[PDB]
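Undergrad: need coordinates for the following:
(9 chains)
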Amino acid sequence: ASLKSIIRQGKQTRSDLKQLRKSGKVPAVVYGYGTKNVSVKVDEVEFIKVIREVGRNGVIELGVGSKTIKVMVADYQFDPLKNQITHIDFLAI
Amino acid sequence: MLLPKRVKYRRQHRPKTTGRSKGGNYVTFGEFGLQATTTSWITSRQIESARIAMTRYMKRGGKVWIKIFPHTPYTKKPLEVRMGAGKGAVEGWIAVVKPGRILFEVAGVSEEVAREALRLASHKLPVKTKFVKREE
Amino acid sequence: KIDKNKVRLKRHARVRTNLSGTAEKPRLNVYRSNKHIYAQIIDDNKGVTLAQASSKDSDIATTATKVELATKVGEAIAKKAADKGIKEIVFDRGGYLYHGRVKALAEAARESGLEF
Amino acid sequence: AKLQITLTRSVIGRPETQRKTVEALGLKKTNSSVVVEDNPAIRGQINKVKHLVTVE
Amino acid sequence: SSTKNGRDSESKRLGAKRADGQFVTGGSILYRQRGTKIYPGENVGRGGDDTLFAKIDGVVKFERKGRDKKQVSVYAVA
RNA sequence: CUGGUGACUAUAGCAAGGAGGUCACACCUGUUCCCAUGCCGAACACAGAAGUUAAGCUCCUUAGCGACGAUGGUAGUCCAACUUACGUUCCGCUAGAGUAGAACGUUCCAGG
RNA sequence: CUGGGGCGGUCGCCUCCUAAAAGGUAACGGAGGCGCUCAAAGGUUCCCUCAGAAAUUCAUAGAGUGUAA
RNA sequence: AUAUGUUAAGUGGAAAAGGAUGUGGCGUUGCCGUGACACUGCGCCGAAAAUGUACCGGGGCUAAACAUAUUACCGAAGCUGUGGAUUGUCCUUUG
RNA sequence: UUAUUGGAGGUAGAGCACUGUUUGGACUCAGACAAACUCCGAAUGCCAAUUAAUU
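TA: Residues are numbered from 1 along each chain as shown, chains lettered A, B, ... in the order given. Let me share the structure:
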């Protein structure tokens, strides 16, 4: 149900995101009306496992601060050359 | 084969080739597609050859889309001429295929039939390609 | 309907680029309605007004209501402006043809001590 | 003062703009050093030639 | 196998001539141009050949006129 | 809240619905006079029995079209170093989404 | 002048692109034009708003600007 | 030299499309020890020239190779130690 | 020379709002190309202040 997500605080230097994307973690943002801009870290293995069950445009469960606020996926990045996810914009409902 | 009915200027520069594909990376029109992983100039000759191969294999049962087009004309000179005395004369028409771009799309056949068709088409093109399907 | 007052403001904008845009000021801006006529002395370095006079500020005596009322309005504005010490004016006609009522508001203010 | 600056690399093969900044810092020959009060303006000069100079 | 091209004009040194916030005298040219890429503000006049010159001496400043348009103005020092 | 006149990057609009009357603004009524139509009192301009909110006009509600618009990410790049396209530091778009948003506003004259 | 010389083309001026967001910037690099015209196609003052699609409506400008851009 | 892995071709110490049960890693599924694949690191075939080995400088090495990270040393007319010569500028001492 | 501030300019990028090239649908929807296309748009370089800290 609830998924842990460590928050990435401050400026993420390019080598930080580069050597993180070579390890299995993807940045992401969660916002809406009430909660705004918690730049957090999301795992690539569990996210695909939840998207295989709920779908691409469904409601994806995720713990924003160790709590579920029924966040919905708005858009996501993807590079066609490696089959690796890049970023998610997590609109809070 | 393929070329513009009219261009405004008959003699252009050569197009840049370093970089990555800017648009057209996703299988939009059909079900399966062939994706490029190396920069090159794709002439209209090998486009029209790869299309013949891919369609003759499927026995013209499925549908095929060509996601690229030769827009830019390139020029060449006479055999023994020395350097100088103006530009060349138009020779052919090219497309620039950088890594990422989806070249051909196929729809209306099984997975293995399309995989064999897009294998036999990718032996007539000067780039290295891989088989992708519609982004789930 | 061409909305007569809207086609007046285009003409006024075209009037008011060489008039208190690079030229002498204050302006004596007039405004013409179906019945009355209004005028005010304006300066545009700040954007404030210095006088007022109308065809409805108790100037009525039931004369030929359109031209003579313009004359009385002009006399009133000319006696106001010379009070505060303003003997200089550029005349912005507001986009009305300088004829009849606006012409009378103007040429009845020159004779009352306010020299264009 | 603070910020002891020492030239470590030569300025042969470096663009002229980098050489001008080293002269402004007061550094002269290789292995020479200077002492300067810390400013936001002196920090910028050291950053431009940070590879050439060593600061303590 | 000759060429038919090969003639070009001679480059008119156009563009701005006085930076912003600078002091200028009573006749200095501020901007060369064809047409009006930039309009005259206040204390700035436009020549018959499109060009912007200062009428008085003061600080020069580039403002924005409406949207997608800009102007230049000269203001009195002190 | 009504009127005149200025400043402002459509957060200032277009479109769709509702309300308002002769104290103001217009429609109107008609060419005696000023003036006018390259034909035509349609406009311009001259004077005004009487009547209407129909349209103009001002105001109220709409997020359909426009305009505005973050954070995160990406592309691109000054610098450096390896060496042939990366790898470290800085700046950092476009597009797209979350959103403001059905304007604020000076000075005068009036019912107040 | 000249990717050796000759034969071919060019030689002065204006406008774009190459040109790397100031200005300048080359090649026998890529495209065009000039060697005038107007007594109103000049000055000043008033008034007016176009192409095109179905006298009316739509229209923001897709017209026109003597002559290339 | 120290620590942990890679490979076996003498790669290292030239070259492409394309071909392959070579070997290391991570991941992900389908039938209960076997199959499928995804992305990867290092290789191997493709690979034929003229006086003489002859595409490491030589010997020679599968570690004296490659990747990762530390600790020493060698190394220039650079820099510094000592002595001296010329030109300057300061005046701590016209020194 | 750096750092603080202001300014002119349209290239890399991207985009289809004009000009041209272009693919597949319905009867306008998706998707692409541009040195001489731009509704947009850097990093830097440039011009200054009569500004400071070094030299």
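Undergrad: now the residue in chain E that RNA strand F sits nearest to: which helix or strand?
TA: Distances between chain E and RNA strand F by Cβ to the nearest atom of the strand are smallest at residue E:67, namely 3.6 Å. C-betas here are computed from N, CA, C, even on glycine. In this structure, residue E:67 is located outside every helix and strand according to DSSP states H and E.
Undergrad: quick one: is stretch B:68-75 near chain A?
TA: No. If you take Cβ under 8 Å from any Cβ of the partner chain as the test, stretch B:68-75 misses chain A, and the best it gets is 15.1 Å.
Undergrad: how far out from the middle of the chain is that stretch?
TA: Centroid separation for stretch B:68-75 versus its chain: 10 Å, with Cα atoms, centre = their mean, to the nearest Å.
Undergrad: with stretch D:43-56 instead?
TA: Going by Cα atoms, centre = their mean, where stretch D:43-56 is centred and where its chain is centred differ by 5 Å.
Undergrad: what is the neighbour count of the closest residue to chain A within chain C?
TA: Of all residues in chain C, residue C:47 sits closest to chain A, at 41.2 Å by Cβ to the nearest Cβ. By other Cβ atoms under 10 Å in any protein chain shown, 7 other residues sit near residue C:47.
Undergrad: residues touching it, list them.
TA: For residue C:47, the contact set (Cβ atoms under 8 Å, 6 or more residues apart in numbering or on different chains) is empty.
Undergrad: and what of residue E:37?
TA: Counting by Cβ under 8 Å, 6+ apart, the residues that residue E:37 touches are residue E:31.
Undergrad: find the nearest non-adjacent residue to the residue of chain A most remote from its centre, please.
TA: Here chain A reaches farthest from its C-alpha mean at residue A:81, the gap being 20.3 Å by Cα atoms, centre = their mean. Sequence neighbours aside, residue B:100 is the residue nearest to residue A:81 in space, at 5.9 Å (criterion: Cβ to Cβ, 6 or more residues apart in numbering or on different chains).
Undergrad: surely the one you found and residue B:20 touch.
TA: Yes. If you go by Cβ atoms under 8 Å, residue B:100 and residue B:20 touch, sitting 5.6 Å apart.
Undergrad: who has more neighbours, these two?
TA: Between residue B:100 and residue B:20, counting by other Cβ under 10 Å, residue B:100 is the more crowded of the two (19 against 13).
Undergrad: can you give me the neighbour number for whichever residue of chain D sits closest to chain B?
TA: In chain D, no residue comes nearer to chain B than residue D:15, which is 24.7 Å away by Cβ to the nearest Cβ. Per other Cβ under 10 Å, the neighbour tally for residue D:15 reads 8.
Undergrad: show the contacting residues for it.
TA: So residue D:15 contacts nothing (Cβ under 8 Å, 6+ apart).
Undergrad: for residue D:22, see how far away it is.
TA: Using Cβ to Cβ, to the nearest Å, residue D:15 is found at 11 Å from residue D:22.
Undergrad: can the strand or helix carrying residue C:103 be said to contact RNA strand F?
TA: Here residue C:103 sits within helix C:101-107, counting by DSSP H and E. Yes. Helix C:101-107 lies within reach of RNA strand F by Cβ under 7 Å from any atom of the strand, at C:101, C:102, C:103.
Undergrad: quick check on these: which are buried?
TA: Neighbour counting by 16 or more other Cβ atoms under 10 Å in any protein chain shown classes C:101, C:102 among the residues of helix C:101-107 next to RNA strand F as buried.
Undergrad: and which of the residues of helix C:101-107 next to RNA strand F is nearest residue C:89?
TA: Comparing the residues of helix C:101-107 next to RNA strand F against residue C:89 with Cβ to Cβ places residue C:102 closest, at 14.2 Å.
Undergrad: find the nearest non-adjacent residue to the closest one, please.
TA: Closest to residue C:102 by Cβ to Cβ, 6+ apart is residue C:96, at 4.7 Å.
Undergrad: ok, the one you found - how many residues close by?
TA: 19.
Undergrad: state the distance from the closest residue to RNA strand H within chain B to residue B:102.
TA: Residue nearest to RNA strand H within chain B (Cβ to the nearest atom of the strand): residue B:128, separated by 4.8 Å. Distance from residue B:128 to residue B:102, counting by Cβ to Cβ: 14 Å.
Undergrad: also residue B:67?
TA: Counting by Cβ to Cβ, the separation of residue B:67 from residue B:102 is 5 Å.
Undergrad: how about the strands in chain B?
TA: Taking DSSP state E as the test, the strands found in chain B are B:32-36, B:40-43, B:63-66, B:72-76, B:89-97, B:102-107, B:129-133.
Undergrad: tell me the most buried of those?
TA: Sort those by mean neighbour count, taking mean count of other Cβ atoms under 10 Å in any protein chain shown, and strand B:32-36 sits at the top with a mean of 25.
Undergrad: residue B:97 pairs with what?
TA: Bridge pairing for residue B:97 (DSSP bridges) gives the partners residue B:40.
Undergrad: touching, it and residue B:35? I think so.
TA: No. With contact defined as Cβ under 8 Å, residue B:97 and residue B:35 do not form a contacting pair (10.1 Å).
Undergrad: overlap of the contact sets of those two?
TA: What both residue B:97 and residue B:35 touch, as defined by Cβ under 8 Å, 6+ apart, is the set residue B:103.
Undergrad: sweet, I'm off.
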